[PDB]
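Below you'll find the structure, written out as structure tokens, and then a few comments.
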Amino acid sequence: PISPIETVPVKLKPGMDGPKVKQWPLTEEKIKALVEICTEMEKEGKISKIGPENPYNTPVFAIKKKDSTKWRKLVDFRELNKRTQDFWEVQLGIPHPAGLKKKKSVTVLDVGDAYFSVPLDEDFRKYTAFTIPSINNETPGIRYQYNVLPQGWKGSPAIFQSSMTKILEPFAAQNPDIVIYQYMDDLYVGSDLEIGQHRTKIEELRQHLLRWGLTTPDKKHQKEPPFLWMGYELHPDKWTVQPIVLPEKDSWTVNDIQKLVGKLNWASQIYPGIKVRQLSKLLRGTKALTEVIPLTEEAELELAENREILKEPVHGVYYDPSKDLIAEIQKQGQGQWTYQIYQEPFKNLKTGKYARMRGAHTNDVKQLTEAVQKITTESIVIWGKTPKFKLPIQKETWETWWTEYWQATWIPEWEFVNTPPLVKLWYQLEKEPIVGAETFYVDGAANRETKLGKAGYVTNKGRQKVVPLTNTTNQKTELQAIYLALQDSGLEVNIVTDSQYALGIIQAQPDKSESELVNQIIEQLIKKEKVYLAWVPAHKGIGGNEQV
Amino acid sequence: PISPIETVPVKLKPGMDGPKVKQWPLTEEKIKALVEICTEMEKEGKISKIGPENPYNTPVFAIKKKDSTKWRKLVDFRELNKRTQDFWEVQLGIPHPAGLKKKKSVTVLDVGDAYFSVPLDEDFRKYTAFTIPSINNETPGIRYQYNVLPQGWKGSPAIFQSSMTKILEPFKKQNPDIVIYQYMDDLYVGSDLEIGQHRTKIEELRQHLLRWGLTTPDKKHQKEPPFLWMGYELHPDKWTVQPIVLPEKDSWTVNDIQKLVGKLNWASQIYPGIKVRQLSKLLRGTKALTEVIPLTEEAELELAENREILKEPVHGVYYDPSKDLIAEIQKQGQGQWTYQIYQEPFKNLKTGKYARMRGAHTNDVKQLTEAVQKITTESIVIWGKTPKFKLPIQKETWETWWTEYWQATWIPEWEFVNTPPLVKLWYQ
Ligand SMILES: N#C/C=C/c1cc(Cl)cc(Oc2ccc(Cl)cc2OCCn2ccc(=O)[nH]c2=O)c1
């Protein structure tokens, strides 16, 4: 049989037993349809009839496919799968085309009857036992078991991949002018060899595999570029995404919105400028998978922009190790960032976008840093080096920022590209208090029940103000106090606040938020020349005038 | 070599399975290096290739070792350690000398190579599985498991402990005043001798161990050293909680006194016997920040009384062996970093400041990495165990770049903080 391939030893999960499920049922119309399959599988040595000796057992169902000339046997291994040991996880992610090297020729070989071509560990086989019944009347049910990897069995993919990998080594040893990538039941071979000897080599590999019991395309030899693979279009000199289709609807489903943002973020690999923000903000509600969700003007505008970019196709190229790797980032402005990875000006390996969905308040430089981080990781995964960066930020700007920042930040080799909207910090608080500046002592408070509260200040010039607030919180009033001090002061101002929160926001130097209060505070801070924010403990009775 | 005896059986704490941990993506360079190293280890029988029926995995990295110019493989065993040695700090646990921290000088030696001689229990090997990753998921990763006691596993020195004791015993006889503690792949040797005599004795232990068949590639510059001064020698008697200092100026301002009162009020959580009342009086209300405010009698009395109370260590602060060690670090800028090692909040077992040299040979991540290593080493010497760090850095950044600067053979536990407040200028 298929014995030459060395079996992989398999244990059941410790402290368990094989599946004992008995099958009497059910229908006689599909029984003699099952026998037709089982006899031909038995003759092919894939399954073997087992006897009276009281083995285990598993349910077996029969079903059909359209164009009924093809019958289907489906064995349910779920229980056994519960009871079998864990295996090394099969390859999770898939190789990204931007990391592939251009080869003079590429061939695709799928192996048919894959799992059934790899033997199953002998001692384990008894646990794969199953029964085909008859209708009563002193007839013992037909008992079989698998000699090979059962379709749907837990350990089948990993053991198969292991076996293929092994079988490939006596070949790849004799031929390292040719590179073989392995994915599932597919082998992707490529070479810079002359086309004739490339073809010859391919056929050699074919006869090798066939000698080991692995079938492979004969009629044809099949796929010629493209090469529609895993949602891609692979062309000899270029790669792109499988065509993207955005549906048009009067009423949008949260499900369809998930499919939408999915197709869009998928499209973002290559088409530059894709914005998922508003459409995803729609999905921010985590409730009710069937709920009909309306749109927003910003959302529909965004979808329109996406349709406009998607209208005209752009293509990605393949990787050249001799050429440097460059990543370039541009700010979209809504908290969204875009980037392209290229060794060439008019050709991109790929593109992508980074958005900060964490929390609310974060500034431009930190966001740029995080983007550089994501790009660095992605580049390590796809290529194995890190790119040189082209960033829209002045040297002195980033230097000042990282030197002033409480967290340790690191960026690799990078240079300043002059393309606006250049990233900058709009205001820098004073390191030391300002002489000849009005000193505002600010405070704010709220009743967490009534939710009214108030915000105000008292200056050293004897100037005082108290502004009533409605529908707010202590934090809101506390920012409102600083804002109030900003409105009523001159170009140079000293503010003193009792709260760690407000000081925390202000010192953080954010340039934007969804909080309009903080936005206006920012605008004030920009309009100001010198602002010194200082902190003191509350209720310590020093400079603070509070109330209740 | 050969099995001198049978293998020491390793039993995991019952009701717990082996480590399954994803392998980080690596640079092509580091992958190639790992491939060379592992091919070599495979030829020498140290490790073997495994099939898909081994579910377990443990991360692997390629570090630069020491100032040496060639690569080194570093396995991150933290998970497996937690899953085994936690029961093997019990059964085989190595005692920790309390006199190591009191020595004038402590040298660290790499004894790891020893472990390579000893075989590992056949049943246990499957838990040591690791993977050399492939770029771009193009080929399935290369999978090995250890056939011998692996470096970085805490059970390794536990198993080799008797051997180490036998080899060390003669040296301890000729040198009864020298303290020697083993932590994983490292040997810490303390002494009160002169620095020269100390290094001499260290070389004596080197030649001793070597002629007993235990290699320690600590050979430094050979004949004539260029540039860099020496290497690793600790001085643990200089390690203690640092006193908190109040700013001292000829004159004070409203704002200065504000910062002072603030810092003192913060310090009240540590040293409850501080009185801030007289200190915030002198500015009664509504003054300009830059207004100069001379201090009264009772004010200066309070300041001095608070100065001498802050220069002496806390009360009720002791090391709890049942509790984990926690290390906070905060960035002070200009190359300086400060750190606190504690167990319960505001009770500090140790505090310090790590400072490297500036001028564009260094960056932030390098400094933090070296700081973490230094603190971890101090912690090893003092308590015989490593702290869990709260690192002021973005998780992905740290996870990316930490292996570049990492000279140490162990890995402490860590987690990341996005919060920290005004407590920066208060700790320096
Ligand atoms: N189904 C399916 C295929 C899927 C598939 C999937 C992968 Cl990960 C790779 C693949 O083909 C390749 C195989 C091996 C190498 Cl070194 C490059 C390849 O480049 C492919 C790009 N290419 C394609 C054609 C050509 O002439 N030149 C060229 O560089 C095919």
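Taken together, the values in this text are just the output of simple stated rules run on the coordinates, not laboratory data. Note that each Cβ is placed from the backbone with ideal geometry, even for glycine, and that neighbours are counted across all protein chains shown.
Computed quantities for the displayed model
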{"read-out": "Unit charges at the beta carbon, dipole of the protein assembly as shown: most positive-side option, A:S162, A:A267, B:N136", "value": "A:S162"}
{"read-out": "Of A:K431/A:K454; A:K451/B:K281; B:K374/B:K424; A:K350/A:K390; A:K390/A:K431, those spanning more than 25 Å from alpha-carbon to alpha-carbon", "value": "A:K431/A:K454; A:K451/B:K281; A:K390/A:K431"}
{"read-out": "Amide H contacts of B:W414 (H built 1.01 Å from N, under 5 Å, at least 5 apart or other chain)", "value": "B:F389"}
{"read-out": "Inter-centroid distance (Cα atoms) of the stretch A:1-76 relative to the stretch B:130-144, Å", "value": "34 Å"}
{"read-out": "Max mean-square fluctuation residue, GNM over chain B, Cα-Cα springs under 10 Å, options B:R211, B:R83, B:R356", "value": "B:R211"}
{"read-out": "Average beta carbon contacts from partner chains per residue of B:128-137, 10 Å cutoff", "value": "4"}
{"read-out": "Estimated dipole of the protein assembly as shown in Debye, rounded to 20 [Cβ of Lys and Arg +1, of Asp and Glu -1, Cα centre]", "value": "700 debye"}
{"read-out": "With Cα atoms, 0 to 90° folded angle of helix B:155-174 axis to chain B main axis", "value": "80 degrees"}
{"read-out": "Contact order relative to length of chain A, as percent, for alpha carbon pairs under 8 angstrom and 6 or more apart", "value": "10 percent"}
{"read-out": "Distance between the stretch A:94-149 and the stretch A:240-286 - C-alpha centres, whole angstrom", "value": "37 Å"}
{"read-out": "Shielding by other protein chains, A:380-387, mean Cβ within 10 Å", "value": "5"}
{"read-out": "Spacing of the two label points (7 Å from each Cα toward its C-beta) at B:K281 and B:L301, in nm", "value": "0.9 nm"}
{"read-out": "Check: the stretch B:43-82 dipole with +1 on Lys, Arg Cβ and -1 on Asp, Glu Cβ, in debye", "value": "320 debye"}
{"read-out": "Note, ³J(HN,Hα) from phi for the stretch B:309-320, Karplus 6.51, -1.76, 1.60, rounded to Hz, x at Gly and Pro", "value": "7, 9, 9, 10, x, 6, 10, x, 8, 9, 7, 9"}
{"read-out": "Under 14 Å from the A:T403 label point (7 Å along Cα→beta-carbon), backbone N, the stretch A:360-396", "value": "A:395-396"}
{"read-out": "For chain A, fraction of C-alpha pairs farther apart than 30 Å, in %", "value": "68 percent"}
{"read-out": "Compactness of the protein assembly as shown as Cα Rg over 2.2 N^0.38 Å, two decimals", "value": "1.15"}
{"read-out": "Calculated from backbone phi, Karplus (6.51, -1.76, 1.60) coupling profile of the stretch A:496-508 in Hz, x at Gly/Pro", "value": "10, 10, 8, 9, 5, 4, 4, 4, x, 4, 5, 5, 5"}
{"read-out": "Relative contact order (%) - criterion: Cα under 8 Å, at least six apart; region: the stretch A:427-548", "value": "31 percent"}
{"read-out": "B:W252 long-range amide H proximity, modeled H, under 5 Å", "value": "B:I293"}
{"read-out": "Extended-chain gain in nm, criterion 0.36 nm per residue less alpha-carbon gap, A:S134 and A:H208", "value": "22.3 nm"}
{"read-out": "Residue-wise HN-Hα coupling along the stretch A:248-261, computed from phi with Karplus coefficients 6.51, -1.76, 1.60 (Hz; x: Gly, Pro)", "value": "10, 9, 7, 10, 9, 9, 4, 4, 5, 6, 5, 4, 5, 5"}
{"read-out": "Per-peptide average of other Cβ atoms within 10 Å, ordering B:104-114, A:395-405 highest first", "value": "B:104-114, A:395-405"}
{"read-out": "Loop sites in the stretch B:205-283: chymotrypsin sites (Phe, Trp or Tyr not before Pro), DSSP, at most 12 other Cβ within 10 Å", "value": "B:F227, B:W229"}
{"read-out": "Highest-first arrangement of B:416-425, B:388-397, B:173-182, where packing means the average Cβ count within 10 Å", "value": "B:388-397, B:173-182, B:416-425"}
{"read-out": "For A:152-164, mean number of other protein chain Cβ atoms within 10 Å", "value": "2"}
{"read-out": "Value of relative contact order over the stretch A:351-426, rounded to a whole percent, pairs C-alpha under 8 Å and six or more apart", "value": "36 percent"}
{"read-out": "Footprinting exposure proxy for A:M164, B:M16 (fewest neighbouring C-beta atoms within 10 Å first)", "value": "B:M16, A:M164"}
{"read-out": "Listed residue pairs exceeding 22 Å between alpha carbons, taken from A:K154/B:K20; A:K30/A:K65; B:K65/B:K331; A:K11/A:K32; A:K154/A:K219", "value": "B:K65/B:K331; A:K11/A:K32; A:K154/A:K219"}
{"read-out": "Proximal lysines relative to B:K275, as straight alpha-carbon distance under 21 Å, when same-chain residues fewer than 8 apart are discounted", "value": "A:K540, B:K249, B:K259, B:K263, B:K311, B:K347"}
{"read-out": "Between 0 and 90°, nearest 10: helix B:297-308 axis offset from chain B longest Cα axis", "value": "10 degrees"}
{"read-out": "222 nm mean residue ellipticity, helices alone, for chain A (DSSP H n ≥ 4; -39,500 (n - 2.57); rounded to 500)", "value": "-9000 deg cm²/dmol"}
{"read-out": "Packing-based ranking, highest mean first, of A:418-426, B:399-407 given that Cβ atoms within 10 Å are counted", "value": "B:399-407, A:418-426"}
{"read-out": "Too-long pairs where the Cα-Cα distance tops 18 Å, listed order kept, from B:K104/B:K201; B:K104/B:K238; B:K64/B:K104; A:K263/A:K388", "value": "B:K64/B:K104; A:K263/A:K388"}
{"read-out": "B:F346, A:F77 arranged by Cβ crowding within 10 Å, fewest neighbours leading", "value": "B:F346, A:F77"}
{"read-out": "Whole-percent pair-distance distribution, where bins are 10 Å wide, for the alpha carbons of the stretch A:434-524", "value": "18, 50, 29, 3, 0"}
{"read-out": "Computed [θ] at 222 nm, deg cm²/dmol, chain B (DSSP H ≥ 4; -39,500 (n - 2.57); rounded to nearest 500)", "value": "-9000 deg cm²/dmol"}
